[PDB]
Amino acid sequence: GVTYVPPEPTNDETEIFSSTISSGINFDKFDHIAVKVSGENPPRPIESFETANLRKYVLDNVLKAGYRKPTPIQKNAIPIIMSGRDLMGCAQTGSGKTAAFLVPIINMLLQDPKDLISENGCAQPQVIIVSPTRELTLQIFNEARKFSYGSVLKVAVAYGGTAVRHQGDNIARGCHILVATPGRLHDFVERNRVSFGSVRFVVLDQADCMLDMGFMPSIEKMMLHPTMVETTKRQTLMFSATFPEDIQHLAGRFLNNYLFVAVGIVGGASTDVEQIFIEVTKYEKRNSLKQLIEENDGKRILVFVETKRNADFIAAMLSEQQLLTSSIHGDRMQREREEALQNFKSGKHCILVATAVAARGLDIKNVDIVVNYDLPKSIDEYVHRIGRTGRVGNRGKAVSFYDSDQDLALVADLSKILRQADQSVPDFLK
């Protein structure tokens, strides 16, 4: 049964703009990161939000958001997108990739307006934004409303675990910007509720994830859909912190004469995260987690685990200890997942146990410690995980449990990530 109607998004102005992490002590160190731009005829980067040829109201929304100065990815992607070019954007976690695409797209939607089309119940969005998880899609949706606040733009969302008709009937009214998880998006496409015949911008957030074996078929069904306008007559944008060369190659099928902007080393960890490791047997992990939480009372802690099974187990373990713990993973009801995330953000619960479902994109204020109870199999997922802390120039801590019986294969990539980020390398990862 899927009947959950999520609460309606706040139309409280202050609350819409307060959905942000305030910049931290090292925000100005973003100026010291080497920017590599490759591709034909890159337009010059902009120097400030004031000198970015943005519309008065769009600029005023950026300033309402709290932002005073663009990050490196924004300095580059903004003029690139407004020139009409395709873009692969790589930049570390917590450095403002979302606004890098929202702000200019919102600008061009307003500056170069087209009348909406919704014909025969079938909406034709001018922007499709896809992301690999439901809570990230909702987050992106709320950021789009922030930067498009007070304008005539209509943003809609589409993701699973919600009542299909609630989202469907809303989309049917028409929307400029549709933000979606792929499953629910294709559902509406195959029902003739959404069509790609008016698309001006496609955006893959976490694009390296979207292009891997798990999502590539769903990406093809969008990019190559019969209703989709061809690559030469629309813009495609792809952002991530991580981007293996083999995945970069696959991206080029959907890109037209594109610019590749990489801020710092591709796939590098944020240097604002202190990365610590504890060597432990599979048995010892439980005791070591308890110990780490005991040594950190009053801190907001995000605990990553491999299985949904272990997520449920760890939440139970910590809860029976009398610690207020939320859990988020794919076997939980959608309502519960959104409530766990909200309880964790609000501070009601200081501990959140998560599978990889929360590894990418989520922007949670004041995560003090990210704990990898289980390390992931991919270094790129590790980079994203620890990036849940240390954002926008604030400093954070990651503590990862290393078990050689499980994680030996990761050691060479960990060590490289550590050295790139100026982190000490324990003897057991050498």
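So that there is no doubt, residue numbering starts at 1 and follows the sequence shown.
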Seminar exercise, completed: Of 112-120 vs 189-197, the stretch with the larger average CA B-factor in the entry is 112-120
Exercise. Comparing 398-406 with 49-57, where is the mean C-alpha B-factor higher?
Worked result: 49-57
Exercise. When the CA B-factors of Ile328, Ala356, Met82, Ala262 are compared as recorded in the entry, which is the largest?
Worked result: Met82
Exercise. From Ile128, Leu324, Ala340, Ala156, pick the one with the largest CA B-factor in the entry?
Worked result: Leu324
Exercise. Among the chain's modelled residues, which third holds the C-alpha B-factor of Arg300?
Worked result: middle
For this session: Using the B-factor values recorded in the entry, state whether the Cα atom of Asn366 falls in the lowest, middle or highest third among the modelled residues of its chain.
Result: middle
Exercise. Once the chain's modelled residues are ordered by C-alpha B factor and cut into thirds, is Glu245 in the lowest, middle or highest one?
Worked result: middle
For this session: Ordered by C-alpha B-factor within the chain, which third holds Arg165? Give me lowest, middle or highest, please.
Result: middle
Exercise. Ranked by Cα temperature factor within the chain, is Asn310 in the lowest third, the middle third or the highest third?
Worked result: middle
